[PDB]
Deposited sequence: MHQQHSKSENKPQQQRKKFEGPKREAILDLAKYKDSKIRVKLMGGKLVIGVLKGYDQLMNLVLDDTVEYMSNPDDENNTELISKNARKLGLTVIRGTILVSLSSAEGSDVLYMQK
């Protein structure tokens, strides 16, 4: 229902389940709603990962940055 294509190379604050925020560069994605984020920052609380994959079955919310 959300067309993630409009977020290509964009910023988004993704809330995960277990209280884990993640701000990344939406590099790609699929239909189960898995993400591929870049310059990923994992707000636990600042923690830096690189290019990450986010399992879209624990994805709680998705806004922009």
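What the model leaves out of the deposited chain are the segments 1-26, 71-84, 106-115.
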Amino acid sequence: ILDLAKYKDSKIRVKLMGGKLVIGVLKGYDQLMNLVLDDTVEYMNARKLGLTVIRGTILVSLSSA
From here on, numbers count along this sequence of modelled residues.
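Relative to one another, 7-15 and 49-57 have unequal mean CA B-factors, and 7-15 is the one with the higher figure. Remark: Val22 belongs to the middle third of its chain, ranked by C-alpha B-factor as recorded.
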